[PDB]
Structure formats: structure tokens, C-alpha cells
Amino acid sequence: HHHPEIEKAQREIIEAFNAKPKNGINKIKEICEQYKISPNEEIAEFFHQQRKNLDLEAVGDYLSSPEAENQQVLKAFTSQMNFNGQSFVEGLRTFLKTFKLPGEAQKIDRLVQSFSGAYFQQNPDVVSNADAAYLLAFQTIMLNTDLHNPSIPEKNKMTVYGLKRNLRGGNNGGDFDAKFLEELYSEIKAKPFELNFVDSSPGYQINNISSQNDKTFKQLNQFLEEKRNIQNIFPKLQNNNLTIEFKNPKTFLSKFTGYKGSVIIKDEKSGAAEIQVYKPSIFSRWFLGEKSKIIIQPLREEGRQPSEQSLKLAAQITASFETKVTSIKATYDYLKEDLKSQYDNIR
């Protein structure tokens, strides 16, 4: 149940959220503030209860975002799921199938971390800790994707013995119980996860990008590969004095998603934007596929929306790549039309 004020407003919240998620969230927060209701639990329960009616890509995006509120909402969202008595594979599959999963590594990482903590909390007798659940989760997703792909030669597919050898030392510095892994494998093999990811991520996205097909990406990639400092190689920004930083990902995450890290770009007018770089990696195919991609976004700072300057900088950076953008998607703060016009005006 919910406070009658939340119940009455369900339709209004759905329609506002679907048009612009920020407005739907803010409508929930306003009701909670006026009627003395704890907001994180309401947002979480709204996502579970109204799943049929909402833009699930936006639900998944909000839940997996980095700010305190998002994280607190996701903790409430996952804790409301019942994993007690569920097998590890059942719990993980049920959890993942709840979402349009995000196409950004840090976002998918927050979701897997959330499931890992909640599955362990509800089943301390099944897994040693949340880190072991995290390692198993990424393994299970990757193995399930490949085992259920009929185009992959049967000869390449990891066996139960192969899985045991693969997880040596991954259970709190030790090994997972043999019977636990035989069962894990049996459940992975029995059913495909049939995972659904968003087709595109918020902001500007360029799929199938390469050093061979793009001069801007060729140059950016050369800095990454030689581990040198990233210089202003952006043709739309050649009169701009930029400040460029590179944030390295955790090596584990990079291997499973192909996320090489984020280029943080700031101009002289307080504009801030991020380039998320993805390249095929050892364990990334189920997340990334076979090609490279870049995601460009205006940077949100100190829990506030990016400025108009940041939106312009994200469009300038995007238009600087030789390859035209494959998709333009609304951010939490800027409508798709605002990103498209800024891009179209520069490009």
C-alpha cells in the first residue's frame, strides 16, 4: 500500500515520468515532502509496482546512476526483492531480467554490486561474501551468454571442469565448493538469460568507431595506447584551451565490459563533458559486442544538472569525431531535442 496521495497521483506520475523522468521523480519527491513520507522507498516501490507502465530504459538508467539519491533508491529497490531460498543463478537471472539494462560499464557495475550485496545478505550460507558473489555474477552472465549462443562453436565452450579451474582462488582467496559450481554450471546451461539492454545510452553515442575509420578516434586511441596525456585533438575546439583528464576504470570491470575509461574535458567557460571509451576486450563481448564505441555526455556536477555550456561542449566534442553520431538520447536533464539541435548547429 501507499499513502492515498501517492495512490491518487499514480497516472500523473507515470505520464510525467515517461515524458521526462526527472519530472516524474520530482513529482514523487514533492508528494513525499508535503505528506511526510520517506521518498527513496516510494521511488523504489513505484519502479517495481508500475514496471508495466514505465519507460524501463529510464528506470534502469536512474537506478544505476552515481548520485547518493540514486544509490539509496537502488538499495531500497533491490532489498524489496526476495532472494531467500533462491539459487544464485535464479536470483541473478530474475534480478537482471527486471531491467533494460544500461549500456554504460559503471551503470551495469552498480547493478551487479547491488544484487551481490543483497543476495549475500539474504543468503550468507550460499556465498562467502558480496565480492565472491560479484565475481560469480560477471562470470555467470558471460558464460550464460556464450553457452546459449548457437553460433559459437561447441568446442570453445567452457565445461564444468573448465569452470572450476577458471574460479580457483576467487572465493575469498580460496575455492568455491565443487558441488556448488556443478550446480551453478547446470543452471547456467539449462536456461538462457535472454538479457535486454538499452539500444543506446543517454547523450551522444558513436558505435562501430575505429582508428582506421576516424582521425579523431585514431589520435585519442594513440594517447590511450601509449599511455601519454590526452591533448586537444578536437577540430571544433582548436581555439579552445581545454583541461583534459583521464579516469582509469577498475581492471576487472574493463575486462568484462571493454570500458577503457573516461576522458574528462573542461573548457574555459566552466563547461564539463565526459567521453566513455569502449574497445573489445577479453571478457566483454556479451556487453559490447565485437566493435568499439564512445559515449559523450555533458557532465553533471555537485548533484546539479550540467550547464548549457557543458551541453555545448559535449556537442562540440561529438561533432569533432569524423564519424557521424549513431544515436542521440535524452539525458536526465536535457531533452533529446536539445542534444540534437546543439549537435546539428555545430555539425
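Residue numbers here begin at 1 and follow the sequence given.
Across the two stretches, 243 to 251 and 114 to 122, the PDB entry reports the greater mean Cα temperature factor for 243 to 251.
Just going by the entry, 195 to 203 versus 220 to 228 on mean CA temperature factor gives the higher value to 220 to 228.
Of the candidates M81, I188, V263, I108, it is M81 whose Cα B-factor is highest according to the PDB record.
Comparing the C-alpha B-factors of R285, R300, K29, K293 in the entry, the top value falls on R300. The PDB entry assigns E322 a C-alpha temperature factor belonging to the highest third of its chain's modelled residues. In this PDB entry, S281 carries a Cα temperature factor that places it within the lowest third of its chain's modelled residues. The deposited CA B-factor of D214 belongs to the highest third of values across its chain. When the CA B factors of the chain's modelled residues are split into thirds, the value for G60 lands in the lowest one. In the PDB entry, a CA B factor belonging to the middle third of its chain's modelled residues is recorded for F180.
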